[PDB]
Amino acid sequence: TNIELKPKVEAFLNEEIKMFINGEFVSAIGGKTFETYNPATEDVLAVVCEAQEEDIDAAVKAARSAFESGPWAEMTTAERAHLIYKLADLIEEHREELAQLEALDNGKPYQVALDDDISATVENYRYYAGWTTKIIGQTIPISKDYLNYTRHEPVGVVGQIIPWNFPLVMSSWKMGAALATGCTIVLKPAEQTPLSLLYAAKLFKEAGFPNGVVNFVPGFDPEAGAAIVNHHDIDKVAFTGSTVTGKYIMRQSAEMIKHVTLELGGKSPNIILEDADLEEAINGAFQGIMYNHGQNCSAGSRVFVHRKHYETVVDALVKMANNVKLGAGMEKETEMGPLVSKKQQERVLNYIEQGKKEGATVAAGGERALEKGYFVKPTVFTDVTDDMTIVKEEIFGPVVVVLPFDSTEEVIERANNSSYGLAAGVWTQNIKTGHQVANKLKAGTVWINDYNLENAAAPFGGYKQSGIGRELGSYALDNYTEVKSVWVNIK
Amino acid sequence: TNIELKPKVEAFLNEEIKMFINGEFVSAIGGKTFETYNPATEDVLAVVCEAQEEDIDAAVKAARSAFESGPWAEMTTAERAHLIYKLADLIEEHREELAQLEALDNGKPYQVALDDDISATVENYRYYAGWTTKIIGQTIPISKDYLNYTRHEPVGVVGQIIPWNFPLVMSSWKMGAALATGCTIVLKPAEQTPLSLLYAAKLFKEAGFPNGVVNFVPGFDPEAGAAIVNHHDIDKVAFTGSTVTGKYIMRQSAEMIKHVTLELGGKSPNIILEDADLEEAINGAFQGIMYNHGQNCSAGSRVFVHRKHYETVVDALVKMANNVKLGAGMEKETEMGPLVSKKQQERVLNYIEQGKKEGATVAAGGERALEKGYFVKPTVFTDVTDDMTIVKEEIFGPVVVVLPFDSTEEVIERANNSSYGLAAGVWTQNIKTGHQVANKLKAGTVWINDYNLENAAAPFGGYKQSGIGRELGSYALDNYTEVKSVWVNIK
Amino acid sequence: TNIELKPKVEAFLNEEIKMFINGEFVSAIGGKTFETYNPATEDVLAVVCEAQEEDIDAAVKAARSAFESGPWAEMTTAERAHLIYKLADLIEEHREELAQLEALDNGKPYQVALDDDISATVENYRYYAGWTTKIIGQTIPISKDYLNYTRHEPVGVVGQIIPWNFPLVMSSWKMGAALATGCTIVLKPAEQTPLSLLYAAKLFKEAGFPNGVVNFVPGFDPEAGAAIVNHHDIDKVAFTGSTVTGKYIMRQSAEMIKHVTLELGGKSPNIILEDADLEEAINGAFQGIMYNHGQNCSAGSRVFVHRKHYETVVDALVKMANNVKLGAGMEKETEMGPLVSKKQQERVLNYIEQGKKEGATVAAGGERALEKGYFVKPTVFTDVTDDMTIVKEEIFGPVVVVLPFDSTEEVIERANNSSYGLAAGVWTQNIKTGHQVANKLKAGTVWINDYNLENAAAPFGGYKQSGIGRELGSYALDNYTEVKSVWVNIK
Amino acid sequence: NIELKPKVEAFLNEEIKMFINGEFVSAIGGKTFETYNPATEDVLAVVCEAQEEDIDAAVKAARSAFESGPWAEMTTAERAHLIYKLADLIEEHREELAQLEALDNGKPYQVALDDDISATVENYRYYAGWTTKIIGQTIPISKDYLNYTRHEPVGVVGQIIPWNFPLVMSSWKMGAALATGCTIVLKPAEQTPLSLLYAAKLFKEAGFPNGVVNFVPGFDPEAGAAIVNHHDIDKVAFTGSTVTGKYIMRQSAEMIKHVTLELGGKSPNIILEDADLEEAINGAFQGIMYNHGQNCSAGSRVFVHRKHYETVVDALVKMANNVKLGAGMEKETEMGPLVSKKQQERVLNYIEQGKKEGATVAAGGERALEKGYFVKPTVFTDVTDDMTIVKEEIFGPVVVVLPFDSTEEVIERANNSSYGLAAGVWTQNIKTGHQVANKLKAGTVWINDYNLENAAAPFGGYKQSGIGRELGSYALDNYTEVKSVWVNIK
Ligand code: NA
Ligand code: NA
Ligand code: NA
Ligand code: NA
Ligand code: NA
Ligand code: NA
Ligand code: NA
Ligand code: NA
């Protein structure tokens with residue numbers, strides 16, 4: 001039993017989905033299109049204009065112009081704040097449309113898209129609306145003969161690329177901080193998930209964003225992706241997605257000495273210590289990995305359990321795994337949707353095979369589910385060791401690896417022995433051991449007796465090969481900023 | 001008349017010069033040595049142990065181990081501040097020694113190595129010892145169910161590579177900020193100028209630095225340099241030198257998703273507007289380019305002159321160029337010493353040639369000077385245009401191009417039309433013009449009615465191809481930190 | 001002639017004006033009422049419920065209980081930020097009603113209350129709405145054995161008392177910062193101008209403020225004001241008004257060791273140096289004193305003019321003083337309305353007399369104007385000396401004193417020679433002088449080539465007897481915060 | 001028996017001079033007063049006595065040093081250097097300063113050396129580092145203006161400090177004020193002027209230009225009032241009794257002088273049911289007995305969960321009777337005398353008042369030894385919230401121990417006080433520690449510890465325990481005026 005389609009999403013899917021360049025909704029200069037799918041049913045869900053290299057130079061020129069002259073270059077910070085703020089309101093106004101688009105286009109459940117994704121995107125904008133007037137430089141006291149101050153100047157035209165797992169919320173992670181600073185934007189959504197953002201384009205127009213401040217260019221990584229990465233007149237690039245493609249972007253960026261920001265993958269450890277509150281910790285371990293179908297860079301894909309509790313938690317995770325209600329995002333019953341694509345499904349089925357072939361046991365799941373659509377069963381793997389492919393590599397599906405350990409110093413050593421370092425979970429009732437452990441984990445975010453919490457105000461990012469830089473909080477601003485130290489001789 | 005050699009610099013130079021690894025003075029593991037020259041006389045100044053890849057490896061291991069355990073991992077921020085402070089005192093103490101080594105090894109005049117270099121380095125250390133206790137994170141008010149806090153953790157083992165133009169002071173730009181955050185160090189000084197730093201090693205030992213906190217690995221870019229940029233166990237990398245080599249570093253760093261900071265070359269404009277205080281602006285224009293033999297990334301290598309004053313400044317720059325007293329850095333009368341090497345003298349005479357062949361006029365200088373040593377005459381070029389190699393590329397010598405202009409909007413445009421953006425100078429008595437112009441120039445440092453000022457407390461660095469990141473100031477600390485977001489569930 | 005009453009101000013004025021306690025519009029417990037006047041006609045404007053000691057108690061209990069429990073105490077910073085922003089929207093929707101109310105009740109011209117007062121009140125609440133999410137504390141690295149962190153906790157219930165010269169805007173200076181930290185508020189408007197704020201009360205309720213977060217108690221200083229400064233359960237106090245009463249408030253606050261923030265009077269200098277753009281400076285000097293009929297603690301009430309220009313600026317100010325069009329605030333052609341009260345007209349006419357008695361000359365104005373109304377003619381005094389009453393005391397009317405000077409060193413001395421230090425203006429085209437002079441003036445804000453500019457983002461407050469603390473900008477938050485330093489032993 | 005350092009003997013062999021305008025001077029009118037050794041009750045030294053006219057010479061010297069000459073023209077680096085040189089000298093003279101503290105204040109030598117001197121050295125080192133990092137803001141409002149703020153030194157500051165940590169308290173005051181570029185008129189307590197007056201040599205030697213610091217010993221109604229009421233002092237800072245604080249703020253009002261106050265307390269130290277009991281017992285005991293209880297943030301109220309009450313009472317009584325009482329300059333002393341006759345009497349009198357309202361003295365409750373201002377460490381039992389000794393700052397080694405049955409009950413009883421200086425929480429639970437910390441109305445909260453202070457971390461009172469914070473970056477704001485500059489560039 002189904003969620004009735006919102007009239008505005010009907011009217012929107014009923015037509016070719018246009019790109020948004022220089023204030024206008026447009027086709028690709030050359031007329032190419034591509035299809036996005038409903039991953040639950042595998043039908044074409046919409047036909048979308050495809051940005052080629054040439055649509056990207058157009059988007060760069062519009063952003064370059066909006067950055068140098070016209071209202072965006074001349075507004076006070078109070079006016080810019082006010083724009084970002086009205087955007088937040090219109091989005092909030094269209095919350096149901098956007099959540100349906102996310103459910104339909106990404107696959108995730110409607111009600112979680114609404115409660116989590118949409119509300120976070122709104123609040124992110126609202127939080128960044130707030131920074132615009134508060135991005136301060138320094139005055140530095142050095143000597144009587146000089147006034148010394150710094151300016152935090154927006155770097156300019158920003159190229160941003162985002163993946164398909166939290167489409168709209170990620171557009172906001174990118175654009176809220178970049179906009180707060182006065183930059184202009186050329187942003188490409190993922191091929192699997194363009195609809196969320198191109199719908200939101202209506203909302204930027206209604207809010208009154210001047211022409212060119214924001215430019216949305218959907219398409220493929222080798223064409224629209226590359227053309228952004230390689231553009232001579234883009235001042236800075238931010239990317240989230242595969243550790244692999246990150247390497248590429250940094251390499252390409254070398255050429256222009258362009259600042260890079262990278263939010264990449266993870267194999268984040270979720271540590272249940274001997275004195276954890278097991279009630280809570282089991283739920284955390286399960287939510288840790290299963291939330292968004294495991295399609296989450298910071299998923300707790302390695303669940304470490306003290307030996308005392310090992311069997312209890314395996315038994316619980318197994319029971320909860322076989323209980324998940326799989327089905328369509330737009331069906332009210334659904335607890336976990338399908339994976340985003342056929343390719344994504346095949347890759348995680350592959351990993352499960354490698355798991356088996358390496359000698360690990362599947363204690364639940366391990367295979368596809370349902371009649372059509374890209375589903376996989378929640379999977380729990382057991383009898384696992386540290387050097388196994390499934391324990392080392394990011395799978396990006398509802399697949400968890402559970403790992404006994406015997407001492408605190410041991411679990412920190414094994415949690416840290418990864419070139420990933422996005423996130424980590426620690427479950428202990430003890431005040432001393434919670435901080436001591438959090439301190440010693442090499443990870444950008446540590447939750448003590450929780451997991452998977454994000455907020456506009458708290459920075460998020462990787463150590464080691466999980467990333468360069470932070471997004472969210474005050475920290476994300478520095479990425480979009482170029483520091484100028486002015487010395488005024490006054491002797 | 002010669003500056004008399006210091007007893008301690010004589011003893012140091014009488015022996016093979018050792019590397020500094022894990023608290024110990026040592027030879028290269030394979031016993032290789034290389035020679036470093038006195039650029040005034042072309043003699044061998046010293047023989048120096050040469051670090052190979054395996055030496056770099058021993059430096060990383062010693063750094064990794066001083067980072068994870070032992071006194072440096074365990075001491076309070078106050079004990080760390082004190083070490084850095086005592087270091088600065090010890091340097092102040094051996095100031096004449098270090099100044100002679102800079103005169104001898106690098107070439108610059110003794111007195112200016114004493115008053116500028118040694119003194120700035122001492123001051124940089126003292127400024128940074130002050131940060132150690134004040135490196136602060138946030139507590140973030142989000143919700144009554146969580147304590148949210150960030151930690152600024154040292155990134156770990158830091159690979160650092162510096163050039164030959166301000167050898168000691170440049171070692172402090174790297175080490176001050178890094179050590180202040182708790183980081184550990186493997187640092188390579190330039191093949192041309194290893195002595196300052198290797199002498200200074202005595203002082204880190206004497207100050208009581210724990211073993212392996214700091215490691216000094218003299219040698220070549222293809223060997224020691226590459227081994228640092230490629231090492232898998234180095235967490236972060238910092239480099240200053242050619243935009244050329246910067247690109248290579250950034251590209252290799254991509255493999256490991258390693259954070260990079262780059263301080264690179266410039267073609268910095270020094271702009272003399274109509275209402276300049278002309279007597280002042282003339283000296284700033286001459287000093288802007290001639291200071292340190294023009295071997296200065298932020299040299300005012302393009303002097304822009306409002307047309308009314310163009311002839312006047314040229315004549316002055318010519319008369320001044322021809323009066324500089326060239327000689328050995330250890331002779332008392334010397335105002336400008338030799339260029340650092342035969343290679344550098346060739347690169348610069350070459351640029352001058354290209355200058356002549358593209359139609360520019362050599363108004364003063366234009367050739368080598370004296371019987372021996374790597375000397376080039378201070379050089380003034382007129383009848384230049386924006387598209388000339390000599391006006392577009394970094395020469396890295398005492399060579400200046402003078403350009404007339406007719407309007408402020410014109411000179412703004414022409415100053416900015418460059419891939420570089422390290423520094424700029426503007427001279428004007430007017431309150432509005434000063435800041436308007438400063439705001440409009442794309443440059444990491446803008447001096448209004450001054451030039452070439454640096455201080456520990458003020459960040460320095462390039463826009464565009466002049467770099468990524470900042471050194472000095474609070475800002476430099478961010479380069480050596482990883483931000484950890486901790487969520488403490490208190491529901 | 002006349003601007004017609006808005007329907008909603010008509011409805012509001014046909015009725016007894018109710019107070020606002022604990023989310024309810026109420027009468028005084030004892031049912032007392034008082035009158036407020038149109039200063040243009042002397043007519044009764046409205047009758048208003050009069051808060052007594054018992055009404056303050058009821059207000060404080062409601063604020064205390066809204067601080068300790070219920071939605072305001074539970075809600076996230078995001079929700080709290082959102083309430084403050086919806087408030088600002090409503091104030092903007094009612095912009096015309098609020099401006100009429102201000103013109104009618106305080107006396108200033110409608111157009112300026114609308115363009116200045118209301119828009120600045122909107123912008124102040126928009127600005128602080130952004131802060132609630134960014135009131136950050138510190139994590140302080142001291143020793144591995146501890147976690148150190150500080151929380152900025154809201155002080156609690158705060159008592160705020162404001163004057164009559166900018167009634168609504170001044171309510172936002174106090175409440176914007178206080179509410180952003182999560183404090184609750186008991187606020188008393190001036191007896192001359194309660195209307196704005198009590199109309200604004202609808203808007204707090206309609207925006208969804210929880211019961212008791214905000215409580216408005218109109219009345220008199222000996223009853224309602226006194227009950228506020230003396231109340232044992234009010235945690236913190238903030239006042240703006242005469243230096244005299246500030247003294248009283250600070251004294252009284254000593255008995256409870258209560259943080260005080262005071263915003264008081266001035267005798268601010270506006271200084272025209274030899275190389276000023278004389279045209280902009282003349283206008284700047286005239287607006288500086290004449291804006292808001294001189295009822296402005298930071299009015300440029302001593303105009304210092306370099307000798308070469310004295311006569312020119314005296315002529316122009318006399319002519320300008322003679323030309324201002326005096327009229328009711330609700331007549332469309334009026335440039336300056338009347339002073340707020342009979343008492344105020346009397347005090348300033350008295351100052352004028354005194355000025356005359358001490359041997360100063362009245363170059364313009366110096367007497368009442370029109371048939372009815374608390375009007376006073378814009379007034380210019382010449383032949384003044386530094387120890388005269390009129391040049392030392394705050395007059396709070398459209399009365400200015402013009403003094404010649406001969407050197408920069410001289411005018412700095414004379415400007416600073418005052419117990420006041422609220423503000424200062426300097427007019428010069430020279431980049432050195434503008435900064436030199438502004439560095440040496442003892443004033444909380446200094447305008448170089450302008451005057452009377454305020455913005456939510458820039459701090460305002462006085463040196464010496466002009467006050468304690470700052471309002472506006474990030475700085476104002478500190479006044480409403482109590483710093484907690486937490487030590488977590490993790491040994 | 002610890003022997004006098006030769007430079008300490010030299011210092012005490014002479015009348016003790018004030019320090020004004022870089023000069024060691026006698027009082028203009030020639031008055032002197034005595035300071036005593038509170039272990040032996042003999043005069044320890046005869047000190048020049050500052051009168052109103054001396055404070056007035058000090059303010060002039062200070063005003064002049066702020067407004068012109070080297071202290072007003074130095075780079076922040078030069079100024080930092082002077083502060084660091086001071087810290088070194090203090091460290092060089094650590095044994096001398098420690099002995100003076102032990103002799104003048106009464107505290108044990110080893111503690112004076114290990115705590116007081118090292119803390120004061122650290123404070124100056126810490127603040128020397130700030131002088132270069134006192135930054136203001138550049139504020140992006142509009143393109144027509146450059147907006148920036150300067151954090152300027154407020155000017156000549158007036159500082160008054162108590163006798164319980166004489167040298168460290170001179171640093172909490174001077175460190176942050178000097179870092180901002182202010183100049184100083186400082187009065188040490190009449191009971192303990194010596195450390196400061198010795199340290200004055202080190203300021204001169206470090207190269208402080210004349211009149212940057214000026215030290216004026218004497219009495220609160222003469223030198224003290226002169227400072228608070230002086231027309232040319234820009235700002236005032238005081239630490240001492242809640243009562244003198246009211247007077248200070250009261251007087252300060254007349255000139256709209258910024259006040260910073262650090263005052264008394266009755267701080268709770270709360271042992272919950274899941275504390276580590278061995279650790280919480282030691283902390284409860286140190287928390288009150290450290291520095292003989294003459295410590296505004298002494299945990300003078302120990303709340304114990306009912307389950308553990310009798311256990312901790314037993315241990316506190318045992319440890320209270322174990323402390324070794326004696327002279328500060330004697331090798332084995334763990335706790336010395338109170339600072340004066342008047343203090344010893346105030347405290348015995350609080351003891352009487354507790355007995356007579358019905359509390360039981362489970363240990364101590366009377367003077368100790370033949371001569372000197374000693375009182376036995378004292379533990380109070382059968383106490384209720386209502387009693388004098390439980391509401392009022394006693395300021396001696398006297399603890400009151402109270403049972404509680406619930407976390408809500410103890411939080412409310414801890415908070416039910418006009419004080420809020422500090423608090424301690426003992427519990428092994430991660431949630432409970434931060435919830436409780438969050439709820440206590442107190443400027444610093446220690447979780448599983450007590451009495452920790454460090455130059456980096458703010459210290460200060462809620463409610464009547466003070467206004468403002470000292471230490472940390474926070475302290476700088478008290479010594480600063482914020483100037484907001486607008487530059488029209490339209
Ligand atoms: Na799709
Ligand atoms: Na990384
Ligand atoms: Na050399
Ligand atoms: Na750059
Ligand atoms: Na009225
Ligand atoms: Na004041
Ligand atoms: Na004494
Ligand atoms: Na207080």
Side-chain angles (χ1 to χ4, degrees), chain A residues 153 155-156 235-237 243 246-247 250 253-254 256-266 419-422 442-444 461-470 479-484, chain B residues 155-156 234-237 243 246 250 253-264 266 419-422 442-444 461-470 479 481-483, chain C residues 13 17 34-48 101-108 163-165 167 189-198 218 329 337-344 373-374:
Chain A
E153 286 191 1
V155 192
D235 302 294
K236 190 273 193 287
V237 78
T243 288
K247 289 197 190 157
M250 194 166 187
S253 289
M256 280 144 294
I257 288 114
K258 196 183 326 214
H259 178 102
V260 156
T261 307
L262 302 168
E263 211 67 58
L264 304 182
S419 23
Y420 289 117
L422 197 43
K442 283 182 65 61
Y463 286 41
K464 303 138 89 173
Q465 308 196 25
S466 275
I468 290 180
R470 295 301 182 266
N479 298 138
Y480 292 116
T481 251
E482 198 60 82
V483 177
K484 167 186 287 175
Chain B
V155 69
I234 282 180
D235 299 297
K236 180 274 179 308
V237 57
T243 285
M250 192 176 179
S253 288
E255 310 295 18
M256 292 140 285
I257 294 98
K258 225 184 274 183
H259 172 103
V260 176
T261 304
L262 309 167
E263 200 83 40
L264 311 176
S419 289
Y420 292 113
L422 189 51
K442 288 126 128 59
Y463 282 50
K464 317 186 195 128
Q465 298 198 61
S466 274
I468 297 185
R470 292 300 186 267
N479 308 140
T481 259
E482 281 283 350
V483 179
Chain C
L13 293 173
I17 311 316
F34 68 98
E35 301 173 320
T36 181
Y37 298 100
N38 184 337
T41 60
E42 312 182 28
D43 287 334
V44 173
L45 213 214
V47 328
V48 188
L101 244 29
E102 217 60 318
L104 251 7
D105 199 22
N106 142 296
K108 65 184 63 201
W164 44 262
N165 58 317
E191 65 199 62
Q192 312 82 334
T193 51
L195 288 187
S196 264
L197 179 63
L198 291 167
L339 273 32
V340 83
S341 75
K342 192 136 61 161
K343 189 176 180 213
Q344 285 301 117
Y374 314 131

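Proteins get letters first, then strands, A, B, ... in listed order; numbering begins at 1 in each. In what follows, every heavy atom counts, from backbone to side chain, and hydrogens, waters and symmetry copies are set aside. First listed ligand is number 1; within each ligand, the first listed atom is number 1.
C:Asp105 is not listed as a side-chain neighbour of C:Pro167, based on a closest heavy-atom distance of 4.5 Å or more. Side-chain contact between B:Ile257 and A:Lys464 is absent, with no heavy-atom pair separated by less than 4.5 Å. Between B:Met250 and A:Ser253 there is a side-chain heavy-atom pair separated by less than 4.5 Å.
Here A:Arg470 pairs with B:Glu482 in a salt bridge; the nearest charged N to carboxylate O distance falls below 4.0 Å.
None of the N, O or S atoms belonging to C:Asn38 lies under 3.0 Å away from the Na ion (ligand 5). Checking C:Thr193 against the Na ion (ligand 5), every N/O/S atom stays at or beyond the 3.0 Å cut-off. Among the backbone and side-chain atoms of A:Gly467, an N, O or S atom lies under 3.0 Å from the Na ion (ligand 2).
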Practice task
Start with the C-alpha distance between C:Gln192 and C:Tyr37, add both sets of side-chain angles, then the distance that settles side chain to side chain donor-acceptor pair (under 3.5 Å), and finish with yes or no.
Solution key: CA-CA 7 Å; C:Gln192 312 82 334; C:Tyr37 298 100; over 6 Å; no

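Rounding to the nearest 10°, we obtain 90° for the angle at the Na ion (ligand 2) between B:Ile257 O and A:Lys464 O. Around the Na ion (ligand 5), the angle linking C:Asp105 (OD1) with C:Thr36 (OG1) is 60°, rounded to 10 degrees.
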